[PDB]
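S.K.: The amino acid sequence is not available; the structure is as follows:
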Ligand SMILES: *[C@@H]1O[C@H](CO)[C@@H](O)[C@H](O)[C@H]1NC(C)=O
Ligand SMILES: *[C@@H]1O[C@H](CO)[C@@H](O)[C@H](O)[C@H]1NC(C)=O
Ligand SMILES: *[C@@H]1O[C@H](CO)[C@@H](O)[C@H](O)[C@H]1NC(C)=O
Ligand SMILES: *[C@@H]1O[C@H](CO)[C@@H](O)[C@H](O)[C@H]1NC(C)=O
Ligand SMILES: *[C@@H]1O[C@H](CO)[C@@H](O)[C@H](O)[C@H]1NC(C)=O
């Protein structure tokens, strides 16, 4: 029971998982599409060499014109003195670099803030289960006392007496939360991961703006082979002119990546903003019970605190641990009420 | 028992599962067929270049004419000044976009309304099994009292006394259903998912009506290569005329998608209408027992309510849980009768 | 025990399963063969273009003549003014449509009549095992009474007394069968599924008689390319004449499908006939036992009733459940008899 | 223990399993070899067309001459007016038909005689284990009386008394075997399956004798393309003459299939003959045991009875069930004897 | 414990398994290599046709010359009037035939001598474990008697008395072994399997000596195409002369197979000779314990008896069953001793 609970513990908020998967898979899918196009077309570019050229000579011209992009510029009939067509060649490599960059912050978070968070979460839930049991066991005596005397004054007095009984409030958790309220490691790692994601998105925007808009269309370009030693060969032409077939795929890939990351920006902004605000209905729900009372009194402090991230993970987990299904219904009963404690105790016993 | 039961709980209905599968598989199947045709034909189009052109020059003409669809229009000998043949090139990408759009509402529903619904279903069934056990436990005393006195007046009086005994009616369920009847999150998500499906179907209709009917046949088109820098090349022709071989596949894909989504429309309309009416024979069947009676008196309210969706999921689930295997036969016995309670109690005990 | 039993419950039948498998596998296998032939031949058709045509122009002619089947009708040199050769191109698509049509009634039956039948079978067998145990429990007292007095008059009197004892006859089963005898959902679904199978078989017959017999042989056909915008090109011929290589595969596929469905027709007719008659030796076998006696008195009514389908499934299942291996031997003993009950009781106890 | 025994029960004998496997594997393996040759050669036939013909025209001639086998006869330079070369084209299809035909009787046997045989076998073995236990339980008293009195007269008298005690002889088994001696379903299915196998073997012999010997060698054949519309084409030759490369593979396949089925004939003859004779040493072994004595006295009748098949499967199964390893040694002891019963009882107890 | 022992029983010896694997896999590996060479070379042979021949005509010549090996001889420039080059074509088929022939005796042995041997082995080991336990249980009394009186005369007298006690010597095993001494089925099957292996090895030697040495080198051969109907074709040459590329692979395959089977011959001879001699140190080791004494004194007759095979399998199995690790150490103690019995008894007790 315990071990399976530890394995099922969540250390990555459900919403951020989709962002991780998208930001790490989209460049990979685009790169796979680029490779598929490259291997389907046979040749990345095709050139219009004279009829005299044999098949081998034409293949040599194609290869030398396609491989001379990273090295020398090539100019089409709509451009200035020079235009750089290199991004056509360095597209899959840039996609690999972008995928690695996007995966890097995930690795940073996992290696830097998985173990402490796991330990804190497991310890807190282990304490909280028995804390809830101990809080519940007094409800029977509370109900008997209420039945004996119906006035509310005695009820409030006995509630105060139970609170002061010192049989609970777990001074361990009080000190632990007091210490955590000053810790900043988890918030630091979270904010750093989000900021890295945003910085890399801006970097991709800059890359696709500086190096892809200039040659976005660039239908054809006039290559040359005489730059090498074979300048005394009159057989070859001077300015063999040709084009590149994967231009449409390049344009698509670029636009698709831009759109995907524009979509992803606001999600990351919301994820970062989640820390600025303390986790409000649930707070009023859990304030009543002494077990959750201790951790609900810390909202006076600044929102940016390690406990805040721990609070987010507790809210994410407790939704499925099992301990949440009861107090929610109990507080729904309280809200509906103009008896409730007796019904809650009966349900818990059942 | 509880574990496997909560694993086996269904949260997507049986009928909507087929629609979800179809609306995401059909576009993928059509895309796979398009890619298979592309890689089987070797080239997407073939052009009738002069005999002087070598193999490499002919391949260059083919590639430049096939890649100049998204960029420039091409006109056949039956059209107006201009006709756009770009939908031929952007078919698989549009199919991918449509598949993602159709899959989006499923993800929205699963991320937005799976956990609350799961918790509500689990709590309701867990309480309902105990409610049924407690209710059936009193049939023995009912039988003894009925045997002692045969008149129906005493039977009715004792039935009222049992109802007022207060040993059941579970004030938890009463207040839970009262709260649910005002909630609108589940109905909102359901209606939003259905409306998204309808809107995306209409969008596909518009896309295939605007950008496929104009060039539905468009056998051939007249391409040109002189638009580039090689406008001084007298060797090449001026208006190389050629065609595209995947026209039949394009026409099929379009018609097939239109037919599939026309088929799917009415199913989604029925799914949306399901909420407009409360789930009648089963209602009369389950009204008798006190356990199901409590949720059977909420029919007065507006049909649109969170409880209605939960009612649908309970009806879908109880049909296989096991709890329904008895009351149906008991109410069949009641219908047959001009003793029945005794037979039902004996069957339950057995 | 109960779990594995309900997993092993059969809800299709041993015979109709083979028809279900064949009616879907045959079109799929034929389509796979057609695709294999298409990808092995490389070119679905080959045309006899002049020697002047280069390789690219010849490939263009092949593609344009093969793609102009579904759009225009081509004329062979043995025919009337015009003949339609489109079924050659639309063969695998028609096979896919036929496979989907064949699979549709199976899905209808599974989604429409699997759950009610499963529940009815489960309840009936669960009650019948206990009924058999209770019935056999009295054989000991019957044996003692028979041993005490050897005359047959007292034996018959005690048999009547046991029948009237009211310790069995399970009024639940009586009313359940009475209600079922009026139900018609299961018979309706069964008849609808079989009728859909027959209608689709007739539709395939019509399709292969209208659109395959006319062009069954159609060795060659005279194609044309000047219909496009190369009508002023004197280089091309006027009426390039050519043939299609997969003609034999087409002929085979057609004949094979016709034969397979002709074989399948009588099986479905027999499946429909199975409902018109109640299942006779087994009835005389099971009449004696009181538990089986109740369900054996309902044949006075029309054979077309919901209970009839449930009776068929009971006969199909009980053959392997275990509850049948004994009564068969007991009734074999009864037939062999000119003691038997004592031997049966001893065997059951052992 | 029981369930695993039921699963491990053999229902197809060990010898006929090899014939079943071979009669289906051989045609499938030959078909796979034919397809491998077809896809390795690239062209099923190659033709010697003039040098003027381009590559496309030569491929057209090849395809039209290879596809005109099933349609029109082709004559080689050693034949009469006409010879039919169709069997070259319809070889893999004929192999598929033969494989399906050979698989059909197996399916008939499995669907028609598996369940009754399984039920009879399981019932008989379940009764026989208890019968053997009861029979051996009396060996202790037999040994005691034999020790008390050494004369053989008292031994025989006590043997007769034990036989008449009526504590065994299981009247159930007697009546069951008496009923089975008249049943003919199992022998009918067995003989029908064997006769179907023999008939299909003879059919293959006829097919390979009528349609393969005539054109067994048929090196080359003179094709023609002018039969179509292009009879005014002076360019093409009149009687293009060519050959087929897979002739050796065809010859092999034919000879191999003939040899395999000639090998299989005698095995099936022996399988059929197995029923004509009752299974003798084992009968003398099992006659002594009272449990096996009952079925031993049933060979007075005709060997062709249902029990004969049941006897064959009992002999096949008991060899591994466990109930055979002891009585064989006991009867070996009896044969060696000029004490043995005491040793057998001690071994059984141990 | 028992069942796993039955599954782990060895029924094929450790040495003959390697011979089986080699003799069944070597031809398969050589066939795979031949097929790989065939599919890597593209054309099994290449011919030097004139320059006038187009590509299609050259391919036709290649195919017609390669396919005319099994039909007509081809003569090279070093040979007599005729030489047969067919073995080049039938090499993989001959390898398949050889593999099937080598696998046949294995199947014969497994189908004909696995069940009886398995039953005998399991029965013998089951009896022998109890025999060993019963024999060792008397060592305690033997030790007590030896301690009471130290003289060897009383020790020998008590040993004889224990041997005559009749509490062991298991007349079951005595009679079983006496019967087995006359059985010959197992030795017959073993000798037949070995003789089949030797005969098939000799057959391969004959096949490779008659049909491979004559044309072992045979670099080239002069083919002809005019033998058909194109004898009036002046365009074709008369005696197109060409070679075959897989000659080296053929030579290798042949030499490798010869070497492998020459290696395998002596191993099979040793396996056959194994039966001629009874298995000697172990015989003296087991001559002591009464459990193994019974089977040790059954060696007086001819070594070729059924028990001999049973003895071989017992020796092979007991090495790992567990029942041998003790008596070996006890007899080592006996050999080392000039005390040994006392030490062995103390070790057993410990
Ligand atoms: C074509 O070839 C000739 C001779 O090889 C050469 O003189 C001429 O320059 C070539 N054409 C071009 C455009 O270079
Ligand atoms: C064929 O080639 C010649 C010279 O290479 C050129 O003048 C002519 O225009 C070409 N014909 C076409 C139709 O392009
Ligand atoms: C053959 O080619 C020449 C020149 O390319 C052309 O004039 C003639 O029409 C062609 N033959 C046919 C049958 O079209
Ligand atoms: C070769 O081609 C010429 C012209 O294309 C034709 O007249 C002649 O008949 C052809 N040769 C044969 C054998 O058909
Ligand atoms: C070359 O071809 C011509 C005609 O195409 C033919 O007459 C001659 O015999 C061929 N050469 C040889 C060596 O056969």
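M.R.: Yep, it's here. Numbers count the residues shown, from 1 in each chain, chains lettered A, B, ... in the order given. Ligands and ions are numbered 1, 2, ... in the order given.
S.K.: the helices in the stretch 201-350 of chain A, which residues?
M.R.: Assigned by DSSP state H, counting those that start in this stretch, the helices in the stretch 201-350 of chain A fall at A:247-273, A:281-287, A:290-296, A:306-321, A:324-336, A:340-349.
S.K.: residues making contact with the fifth one?
M.R.: For helix A:324-336, the surrounding residues in contact (C-beta atoms under 8 Å, 6 or more residues apart in numbering or on different chains) are A:284-286, A:288-289, A:292, A:318, A:340, A:343-344, A:347-348, B:119, B:122-123, B:172, B:175-176, B:178-179. All C-beta spots, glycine's among them, are computed from the backbone N, C-alpha and C.
S.K.: relative to helix A:340-349, how tilted is it?
M.R.: Going by axes from the mean of the first three to the mean of the last three C-alpha atoms, to 10 degrees, helix A:324-336 is angled at 160 degrees with respect to helix A:340-349.
S.K.: And helix A:324-336, what's buried?
M.R.: Neighbour counts using 16 or more other C-beta atoms under 10 Å in any protein chain shown place A:324-333 of helix A:324-336 among the buried residues.
S.K.: which among these gets closest to ligand 1?
M.R.: Closest approach between these and ligand 1, by C-beta to the nearest ligand atom: residue A:324, at 80.4 Å.
S.K.: Same list (the helices of the stretch 201-350 of chain A) but as CSV, adding distance to residue A:36.
M.R.: What follows is the helices of the stretch 201-350 of chain A, written out as CSV (distance: least, C-beta to C-beta, whole Å):
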stretch, distance to residue A:36
helix A:247-273, 9
helix A:281-287, 48
helix A:290-296, 53
helix A:306-321, 39
helix A:324-336, 47
helix A:340-349, 59
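S.K.: looking at these, which is closest to ligand 5?
M.R.: Ligand 5 sits nearest to helix A:247-273 of all the helices of the stretch 201-350 of chain A, at 48.8 Å, using C-beta to the nearest ligand atom.
S.K.: hmm, back to that, which among the contacts of helix A:324-336 end up buried?
M.R.: Neighbour-count burial (16+ other C-beta under 10 Å) is assigned, among the contacts of helix A:324-336, to A:285-286, A:289, A:292, A:318, A:340, A:343-344, A:347, B:119, B:122-123, B:172, B:175-176, B:179.
S.K.: Let me see the contact set for residue A:204.
M.R.: Taking C-beta under 8 Å, 6+ apart, we find residue A:204 in contact with A:98, A:257, A:261.
S.K.: Next up, the contacts around the second one.
M.R.: Counting by C-beta under 8 Å, 6+ apart, residue A:257 touches A:26-27, A:30, A:204, A:208.
S.K.: Count the residues that sit near the residue lying closest to residue A:201 once chain neighbours are set aside.
M.R.: Distance criterion C-beta to C-beta, 6 or more residues apart in numbering or on different chains; nearest residue to residue A:201, sequence neighbours excluded, is residue A:261 at 4.8 Å. By other C-beta atoms under 10 Å in any protein chain shown, 23 other residues sit near residue A:261.
S.K.: Report how many residues lie close to the closest residue in space to residue A:295 that isn't next to it in sequence.
M.R.: Counting by C-beta to C-beta, 6+ apart, residue A:295 lies nearest to residue A:177, which is 5.9 Å off, once chain neighbours are set aside. Number of residues near residue A:177 (other C-beta under 10 Å) recorded here: 19.
S.K.: what about the closest residue to residue A:47 other than its chain neighbours, distance to ligand 2?
M.R.: Among residues not flanking residue A:47 along the chain, residue A:242 sits closest, at 3.2 Å (C-beta to C-beta, 6+ apart). Using C-beta to the nearest ligand atom, to the nearest Å, residue A:242 is found at 19 Å from ligand 2.
S.K.: quick one, what contacts residue A:242?
M.R.: A:45-48, A:62, A:65, A:220-223, B:60.
S.K.: so residue A:305 touches residue A:179, yeah?
M.R.: No - in this structure residue A:305 lies outside contact range of residue A:179 using C-beta atoms under 8 Å: 10.9 Å.
S.K.: Show me what residue of the stretch 201-350 of chain A gets nearest to chain E.
M.R.: residue A:235 (27.3 Å; C-beta to the nearest C-beta).
S.K.: Return the set of buried residues in stretch A:74-87.
M.R.: For stretch A:74-87, burial by neighbour count (16+ other C-beta under 10 Å) applies to A:74-76, A:85, A:87.
S.K.: Looking at chain A, what residue ends up closest to chain E?
M.R.: Nearest residue of chain A to chain E (C-beta to the nearest C-beta) works out as residue A:55 at 16.0 Å.
S.K.: returning to that earlier point: ok, of the contacts of residue A:242, which one's closest to chain C?
M.R.: The closest of the contacts of residue A:242 to chain C turns out to be residue B:60 (C-beta to the nearest C-beta; 11.4 Å).
S.K.: and the closest one, how far is that from residue A:220?
M.R.: Here residue B:60 is placed at a distance of 10 Å from residue A:220 (C-beta to C-beta, to the nearest Å).
S.K.: who touches whichever helix or strand the residue nearest to residue A:295 is part of?
M.R.: In this structure, residue A:177 sits in helix A:171-180 according to DSSP states H and E. Applying C-beta under 8 Å, 6+ apart, the contact partners of helix A:171-180 are A:120, A:124, A:127, A:131, A:294-295, A:298, A:305-307, A:310.
S.K.: Kindly reformat the residues you listed as a markdown table containing neighbour count and distance to ligand 5.
M.R.: Shown next, in a markdown table, are those (neighbours: other C-beta atoms under 10 Å in any protein chain shown; distance: C-beta to the nearest ligand atom, whole Å):
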| residue | neighbour count | distance to ligand 5 |
| --- | --- | --- |
| A:120 | 20 | 92 |
| A:124 | 20 | 95 |
| A:127 | 15 | 99 |
| A:131 | 21 | 103 |
| A:294 | 17 | 105 |
| A:295 | 20 | 100 |
| A:298 | 16 | 101 |
| A:305 | 21 | 96 |
| A:306 | 24 | 93 |
| A:307 | 24 | 96 |
| A:310 | 22 | 92 |
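S.K.: number of nearby residues for the residue of chain A closest to chain E?
M.R.: Residue A:55 has 10 nearby residues by other C-beta under 10 Å.
S.K.: check contacts around it.
M.R.: Residue A:55 is in contact with B:55-56, counting by C-beta under 8 Å, 6+ apart.
S.K.: again with residue A:277
M.R.: residue A:303.
S.K.: hmm, try it at 10 Å
M.R.: Applying C-beta atoms under 10 Å, 6 or more residues apart in numbering or on different chains, we find residue A:277 in contact with A:303, A:308.
S.K.: Kindly provide the distance from it to residue A:312.
M.R.: 11 Å.
S.K.: list the contacts for whatever residue of chain A ends up closest to ligand 4?
M.R.: Nearest residue of chain A to ligand 4: residue A:51, at 24.3 Å (C-beta to the nearest ligand atom). For residue A:51, the contacting residues are A:58, B:52-54, B:56-57, B:235, by C-beta under 10 Å, 6+ apart.
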